[PDB]
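Participant: Got a sequence here, can you build the structure:
(one chain, ligands or ions: 2)
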Amino acid sequence: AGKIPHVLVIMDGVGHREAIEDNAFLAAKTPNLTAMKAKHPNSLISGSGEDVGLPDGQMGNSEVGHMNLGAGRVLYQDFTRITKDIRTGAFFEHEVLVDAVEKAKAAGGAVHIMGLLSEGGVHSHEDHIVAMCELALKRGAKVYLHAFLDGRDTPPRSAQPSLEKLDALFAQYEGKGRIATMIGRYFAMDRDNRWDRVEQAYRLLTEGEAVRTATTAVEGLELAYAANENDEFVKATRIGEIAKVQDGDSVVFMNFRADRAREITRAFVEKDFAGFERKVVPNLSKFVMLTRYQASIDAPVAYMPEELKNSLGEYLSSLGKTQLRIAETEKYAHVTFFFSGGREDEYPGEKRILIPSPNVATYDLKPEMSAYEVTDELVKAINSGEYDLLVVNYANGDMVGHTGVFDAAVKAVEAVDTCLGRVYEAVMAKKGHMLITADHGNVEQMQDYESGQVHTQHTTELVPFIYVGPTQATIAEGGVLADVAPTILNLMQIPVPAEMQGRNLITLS
Ligand SMILES: [Mn+2]
Ligand SMILES: [Mn+2]
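Facilitator: Residues are numbered from 1 along each chain as shown. Ligands and ions are numbered 1, 2, ... in the order given. Here you go, the structure:
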């Protein structure tokens, strides 16, 4: 104990946008942040596009963002890697993917492909899914696509062109493949142990169990829209005849992001699965995770992760320092394996506190979420003097911003601001240092002018970067997420490890 606290606050989904219209951050009462900015040095940093190793124009996200924050360097992203392999043709000869196809063919089964079907680019990309379908079709396989509909990394009603694209592909191999089922990502891609949701996707895939049937994918979507469902929440829909994932088939899950892929993957492959009582469990010829969703899941992986040495968490552990990771459960991955650079287990000296997210259908119903309890625990931790580094994620801006509901998003921002007043008080009393920042924007734009729909996605806006400490300082312009860890190490008066490539942004005065 008796340690000076260094606190990294990630206001998930809180960006800086000058425009006032539909800006829930500016509309919110943020007296603590306003006061902090008036007193303490503050700047803007970038968490989108090439600055975080993504294509120019691609919005940031929590996986890429927390990995960059923790790593102190820009990482080569799996999105890039897979896109490159498709471009060069290497994808189509990938031994793991080819093996899935050949094993299904040998068993006289089918290749079932599933994944988020949109151009969002956060968890998947439909062009990758086209590529996997083509890979299997060109090898003479029977192919069924199970589409998980988006509306969260894309506009809330936007699935139609994606479904049409895949229909058009299958039309080029007439009778050999088709879209079999559709369901919203709310069901298929849960990450907070809402197993009642996951079960709906699981039973659709394994039994063809559906709320509605339709003759075509687009007809299915029209039925969902008529039932007042948006893409994210589309109920289990079966197209045409039952096409079960059954014994001898192969499944390829085409998502490249881990957090929302773990639950449905476990439902298929985990030996003693306990999320829910499964009615049918197929013995697959192969189940492929496109990337490594979880080290302990016993299934082959197509694209294994690169080694990441001396992320901030690892490096502090190597120095015998202590650290806290704290968030609500919806952001578990973010403050654990995303921030740690891929490692799932605690480092020596690392403690985790995960507060259950509220047991509600959507977070516009409780925009304060579990932020107040997170704050209770964080303040206690800061005051204990037991931690050299404390990393907190506040989920609210991001999670409520994804609902597309402006008034709720305003309340989410207000909740975070109130909480930060208490964090500030504790840090100042302990003569500590704090960086308040974000991983990407979201809440600062709540209307999508390109579609006329509410805005449910991230933005490409810069994010705030506020330095709270015992003294003033100057902050260099042009910072990126990779600069945060070297900046923290400078505040801690600890040398930056060779593996970090970012720069210190802060000059104390
Ligand atoms: Mn985020
Ligand atoms: Mn988000």
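Participant: residue ranges for the strands of the stretch 1-150 of the chain, please.
Facilitator: With strands called from DSSP state E, counting those that start in this stretch, the stretch 1-150 of the chain shows them at 6-11, 42-46, 110-116, 142-149.
Participant: strand partners of the second one, parallel vs antiparallel please.
Facilitator: Same thing as strand 42-46. Partners of strand 42-46 in the sheet, by DSSP bridges, are strand 463-468 (antiparallel), strand 479-480 (parallel).
Participant: and stretch 443-452 with ligand 1, contact?
Facilitator: No. For stretch 443-452 and ligand 1, the contact criterion (CB under 5 Å from the ion) is not met; the two come no nearer than 10.6 Å. Placement of C-beta: from N, CA and C, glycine included.
Participant: Over to that stretch now: how far is its first residue from its last?
Facilitator: 17 Å (CA to CA, to the nearest Å).
Participant: I would like the residues contacting that stretch, please.
Facilitator: With CB atoms under 8 Å, 6 or more residues apart in numbering as the test, stretch 443-452 has contacts from 13-17, 19, 21-26, 155, 158, 397-398, 400-401, 404-406, 409, 412-413, 454-457, 459, 461.
Participant: go again using 7 Å as the cut-off
Facilitator: Residues outside stretch 443-452 that contact it (CB atoms under 7 Å, 6 or more residues apart in numbering) are 13-17, 22-25, 155, 397, 401, 404, 406, 409, 412-413, 454-455, 459, 461.
Participant: Also stretch 285-299?
Facilitator: The contact list for stretch 285-299 (CB under 7 Å, 6+ apart) reads 78, 96-97, 99-100, 103-104, 107, 109, 248-256, 258, 261-262, 265-266, 268-269, 300-305, 344.
Participant: In that stretch, which residues are buried?
Facilitator: By neighbour count on 16 or more other CB atoms under 10 Å, the buried set for stretch 285-299 is 285-294, 297, 299.
Participant: In strands only, show me these.
Facilitator: The strands, defined by DSSP state E, take in 286-291 from the buried residues of stretch 285-299.
Participant: Between these, which sits nearest ligand 1?
Facilitator: Top of the list for closeness to ligand 1, among those and by CB to the ion, is residue 291 at 18.5 Å.
Participant: Which part of the stretch 151-300 of the chain gets nearest to ligand 1, residue-wise?
Facilitator: residue 259 (10.7 Å).
Participant: ok, that residue touching residue 189?
Facilitator: No. Taking contacts as CB atoms under 7 Å, residue 259 lies outside contact range of residue 189: 8.9 Å.
Participant: Counting neighbours, go ahead and name the busier of these two.
Facilitator: With neighbours defined as other CB atoms under 10 Å, residue 259 and residue 189 compare such that residue 189 has more, 28 against 23.
Participant: What about the nearest residue to the more buried one once chain neighbours are set aside, how many residues nearby?
Facilitator: Nearest residue to residue 189 in three dimensions, chain neighbours excluded: residue 260, at 3.9 Å (CB to CB, 6 or more residues apart in numbering). By other CB under 10 Å, 23 other residues sit near residue 260.
Participant: Wait, a helix at residue 260?
Facilitator: No. Assigned with DSSP: H, G, I helix; E, B strand; the rest coil, residue 260 falls outside any helix and is coil.
Participant: Do I have it right that it meets residue 123?
Facilitator: Yes. With contact defined as CB under 7 Å, residue 260 counts as touching residue 123 (6.1 Å).
Participant: What's the end-to-end length of stretch 328-335?
Facilitator: First-to-last residue span, stretch 328-335, CA to CA: 9 Å.
Participant: Give me the contacts around it.
Facilitator: By CB under 7 Å, 6+ apart, stretch 328-335 touches 12, 62, 66, 191-192, 258-259, 325-327, 354-357, 369-370, 374, 391, 393, 395, 399.
Participant: again, only this time at 8 Å
Facilitator: Under the contact criterion CB under 8 Å, 6+ apart, stretch 328-335 has outside partners 10, 12, 62-63, 66, 191-193, 258-259, 325-327, 352, 354-357, 369-371, 373-374, 391-393, 395, 399, 439.
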